[PDB]
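K.L.:
Sharing a structure with you now.
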Amino acid sequence: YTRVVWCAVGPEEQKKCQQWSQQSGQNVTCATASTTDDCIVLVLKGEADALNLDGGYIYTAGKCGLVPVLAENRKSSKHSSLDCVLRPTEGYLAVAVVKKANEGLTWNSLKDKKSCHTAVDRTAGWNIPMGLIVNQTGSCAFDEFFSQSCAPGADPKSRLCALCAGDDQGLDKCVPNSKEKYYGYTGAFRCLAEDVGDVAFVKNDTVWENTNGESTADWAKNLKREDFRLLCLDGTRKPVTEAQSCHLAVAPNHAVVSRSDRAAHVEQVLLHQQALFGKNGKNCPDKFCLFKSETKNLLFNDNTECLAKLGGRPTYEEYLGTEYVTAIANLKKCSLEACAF
Ligand SMILES: *[C@@H]1O[C@H](CO)[C@@H](O[C@@H]2O[C@H](CO)[C@@H](O[C@@H]3O[C@H](CO)[C@@H](O[C@@H]4O[C@H](CO)[C@@H](O)[C@H](O)[C@@H]4O)[C@H](O)[C@@H]3O)[C@H](O)[C@H]2NC(C)=O)[C@H](O)[C@H]1NC(C)=O
Ligand SMILES: *[C@@H]1O[C@H](CO)[C@@H](O[C@H]2O[C@H](CO)[C@@H](O[C@@H]3O[C@H](CO)[C@@H](O)[C@H](O)[C@@H]3O)[C@H](O)[C@H]2NC(C)=O)[C@H](O)[C@H]1NC(C)=O
Ligand SMILES: *[C@@H]1O[C@H](CO)[C@@H](O[C@@H]2O[C@H](CO)[C@@H](O)[C@H](O)[C@H]2NC(C)=O)[C@H](O)[C@H]1NC(C)=O
Ligand SMILES: O[C@@H]1[C@H](O)[C@H](O)CO[C@H]1O
Ligand SMILES: O[C@@H]1[C@H](O)[C@H](O)CO[C@H]1O
Ligand SMILES: [Fe+3]
Ligand SMILES: [Zn+2]
Ligand SMILES: [Zn+2]
């Protein structure tokens, strides 16, 4: 069984994946697609074995029968004696960030503002905030809530893509992959940091990893945590140090999914690959680091300490949790059960 074919979303993840391939002795090989959904399709077809996914894509993947294999585990202090690989996942905090200088902007004053989403169908950048909004406004017209937005994956012509910038040559505007300047956690935050949008829907970690010198990237260099605030659901504004108490929801960690019949082997190969390229990987610093990508979260989030065993051999609905799964169906009622491909 020993060859695992990873699916890369976009050319940058492709470049990284090939490096990982070369270094793995072709134990890991690559397949590329322009979107996560397409990568879900190559795995369904058996042309790729796996990829790591945000919760919202796990939902889509799971309805098609794909199963969670290993979950991303970030740097947590609590539960410190257990190996990261066997450490329960704690989840991440989906937050709404704004510029402090943008005084008076609260959760209750978001209507008609400019927003930045990681990508349509993602947990923190879309399902959480939009499900909240739809719920709160009683309307399915979330395409009309923000005056303008950058929501990779939405219709390029629509105002949900208006603030997206595309790539270096302005091409691929709004594609849900790293080619789009404002794609993902980093891109949605850069979208806010450059005042292209008024609010960014990312996770707690995003704000920290890109402020106070934590990045070096041109646009982030000069960012200071105090210039940002989190919008709490109670209409309040708190510093980005108050995430445990000012968030939209806690999200299930991004996780690797593969076809049910390939899971066991994808799991085995993966644990052996992070032992080599993970946070303490034998060859990480020197040769290759699976969880680093110049701050671009390619294939995995950069703050991933390791990929952990799941426990309860959970279904995708159990891994996402009932609370989260209800939100996504209730939100998708605006677009009853079956694989979207
Ligand atoms: C948007 O608005 C909709 C409509 O209100 C939201 O949908 C509702 O979401 C909640 C999910 O938290 C859900 O309530 C649960 O109902 C379950 C049973 O019907 C309860 O299950 C029990 O939980 C116990 C432990 O907590 C456990 O002991 C027991 O075995 C069982 O698991 C559960 O506790 C909650 O009460 C509503 O059912 C759901 N409404 C429906 C059916 O549409 C949606 O989440 C809202 N928000 C977002 C973010 O989009
Ligand atoms: C919001 O996201 C932040 C980035 O992921 C994260 O920030 C920091 O918090 C954790 C601890 O809570 C630190 O983790 C480690 O803790 C050890 C043991 O005490 C420290 O010695 C060490 O510094 C280590 O990093 C992170 O360092 C730190 N992140 C950075 C780079 O600033 C928050 O935990 C997170 N959660 C919130 C605030 O809700
Ligand atoms: C690719 O996978 C192969 C097969 O799993 C690896 O080779 C094994 O490495 C183990 C040590 O963990 C040795 O006992 C043997 O040499 C191999 N057989 C086993 C037990 O699988 C190898 O580590 C990987 N190659 C590269 C370049 O990473
Ligand atoms: O099921 C769990 C819970 O939903 C938690 O909030 C995060 O991680 C998921 O795997
Ligand atoms: O890509 C599609 C669309 O975004 C849809 O709205 C939900 O199912 C996904 O697979
Ligand atoms: Fe996510
Ligand atoms: Zn909470
Ligand atoms: Zn179960």
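K.L.:
If you take the Cα atoms of the stretch 222-332, find Rg, then find the Kirkwood Rh from the mean of 1/r over all pairs, what is Rg/Rh?
P.N.:
Rounded to two decimals, Rg/Rh equals 1.05.
K.L.:
Taking a ≥ b ≥ c as the square roots of the eigenvalues of the Cα gyration tensor of the stretch 103-218, is the shape rounded (a/c under 1.5), prolate (a/b larger than b/c) or oblate?
P.N.:
Because a/c hits 1.5 or more and a/b fails to exceed b/c, the stretch 103-218 counts as oblate.
K.L.:
Can you check what the net charge comes to around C140, using other residues whose Cβ is under 12 Å from the Cβ of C140 (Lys, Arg +1; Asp, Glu -1)?
P.N.:
Once all neighbours under 12 Å are counted, the net charge is 0.
K.L.:
So, one more: Quick check: pseudo-label points 7 Å beyond the Cα along Cα→Cβ at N27 and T322, how many nm apart are they?
P.N.:
Between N27 and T322, the simple spin-label model gives 4.1 nm.
K.L.:
Right, another one. Starting from one equal scatterer on each C-alpha and no solvent at all, send me the Debye-based log10 I(q)/I(0) for the chain at q = 0.06, 0.07 Å⁻¹, two decimals.
P.N.:
-0.19, -0.26
K.L.:
Quickly work out the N135-to-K309 label distance, labels modelled 7 Å from Cα along the C-beta direction, and quote it in nm with one decimal.
P.N.:
Each label point lies 7 Å from its Cα, and together they span 3.5 nm.
K.L.:
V95's amide H: which non-local residues (gap 5+, or another chain) put their own amide H closer than 5 Å, with H modeled 1.01 Å from N in plane and none for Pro or chain starts?
P.N.:
Close amide H contacts, sequence-distant or interchain: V202, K203, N204, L248.
K.L.:
Cut-off 17 Å, label point 7 angstrom out along Cα-to-Cβ of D234: give me the residues of the stretch 59-97 whose amide nitrogen falls inside.
P.N.:
96
K.L.:
Length gain on complete extension for the stretch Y1 to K287, per 0.36 nm per residue less the alpha carbon to alpha carbon distance?
P.N.:
Gain in length upon complete extension: 100.4 nm.
K.L.:
Additional query: Given the -39500 (n - 2.57) contribution per DSSP H run of 4+ residues, what per-residue ellipticity at 222 nm results for the chain, rounded to the nearest 500 deg cm²/dmol?
P.N.:
-8000 deg cm²/dmol
K.L.:
Within 11 Å, Cβ to Cβ, of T206, how many net charges do the neighbouring residues add up to if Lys/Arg are +1 and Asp/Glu are -1?
P.N.:
Once all neighbours under 11 Å are counted, the net charge is -2.
K.L.:
Need one number: nm distance between label points at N108 and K157, each 7 Å from Cα along Cα→Cβ, rounded to one decimal.
P.N.:
Placing both labels 7 Å along Cα→Cβ, they lie 3.9 nm apart.
K.L.:
Now for a different question. Based on Cβ point charges of +1 for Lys and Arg and -1 for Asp and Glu, what charge dipole magnitude is obtained for the chain about its Cα centre, in debye rounded to the nearest 20?
P.N.:
360
K.L.:
Can you list residues from other chains, or at least 5 along the same chain, whose modelled amide H is less than 5 Å from the amide H of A8?
P.N.:
For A8, whose amide H was placed from the backbone, the distant partners under 5 Å are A31, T32, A33.
K.L.:
Can you figure out the FRET efficiency of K221 with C334, using R₀ = 35 Å and their beta-carbon distance, to the nearest 0.05?
P.N.:
0.35
K.L.:
To continue, here is another question. Based on the mean of other beta carbon atoms within 10 Å per residue, what is the order of 197-206, 69-78, most packed first?
P.N.:
Ranked from most to least packed, the peptides come out as 197-206, 69-78.
K.L.:
Then there is this: What is the sum of charges around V256, taking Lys and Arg as +1, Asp and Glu as -1, for the other residues whose C-beta is under 13 Å from the C-beta of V256?
P.N.:
-1
K.L.:
Could you sort 304-310, 53-59, 236-242 so that the peptide with the highest average Cβ count within 10 Å comes first and the rest follow in order?
P.N.:
So the peptides 304-310, 53-59, 236-242, ranked by packing, come out 53-59, 304-310, 236-242.
K.L.:
When a footprinting reagent is the concern and you count Cβ atoms within 10 Å, what order do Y182, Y1 take, fewest first?
P.N.:
By the 10 Å Cβ count, ascending, the order reads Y1, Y182.
Taken together, the values in this text are just the output of simple stated rules run on the coordinates, not laboratory data. Because the Cβ atoms are built from the backbone with ideal geometry, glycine has one as well, and the counts that use them run over all protein chains shown.
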